[PDB]
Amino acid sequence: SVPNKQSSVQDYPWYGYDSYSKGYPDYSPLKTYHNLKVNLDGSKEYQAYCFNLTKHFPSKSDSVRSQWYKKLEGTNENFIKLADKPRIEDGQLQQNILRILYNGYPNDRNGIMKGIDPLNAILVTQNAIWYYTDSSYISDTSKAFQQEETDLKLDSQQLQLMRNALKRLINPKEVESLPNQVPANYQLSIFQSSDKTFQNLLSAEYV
């Protein structure tokens, strides 16, 4: 069921939470999976991804604690204002993030995520997002998800697909060579956390 929580914070009406919680299919509290969502007073849930690695993850949906968010335009200016270490040397941060969301979970318009289990696909997408929003270190994708392999007990098939999908998502030249490019109507939103101790969120949708 979709949560219906009304904000107690002026200008922060969006409820941001982790849906990988009790009630989620195959949920385990020992697994490092996440499934971040944003919704407004029990409305349609939007797939969300976090940024600010040194801040707290949004609380699980069954927690007594709730985090409130303000929806902003997903511009470069708003990322510079809210991100700790954005990868802005390519100068198309916003565009890179939009391309990842368009090609990642669940949109997957060019089939980069094909064969990857939903929670593993979210994990790949999130890692590609962190590469841009927090300048997270990714040198060799062939060596990626080593901790996740032991923590989540990923089989060789899933692990190889995940490594290849991450490689493709963080390479702009690779994404730009694909048949389906990001249209003007597919737009980025930044969700600013009311509580500065919690991570900010980001989401994309067709307008």
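Residue numbers here begin at 1 and follow the sequence given.
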Averaging the C-alpha temperature factors as deposited, the higher value of 73-81 versus 122-130 falls on 73-81
Looking only at C-alpha temperature factors in the entry, 103-111 or 132-140, the higher average sits in 103-111
The largest CA temperature factor among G23, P183, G16, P13 is found at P183
Highest CA B factor of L30, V64, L178, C50, as deposited, is found at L178
Entry-reported C-alpha B-factor of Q192 relative to its chain, by third, is lowest
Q158: C-alpha B-factor third of its chain, per the entry, is the highest
Chain-relative C-alpha B factor for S7 (record values, thirds): the lowest
Split the chain's modelled residues into thirds by Cα B-factor; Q147 lands in the middle
Entry-reported C-alpha B-factor of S203 relative to its chain, by third, is middle
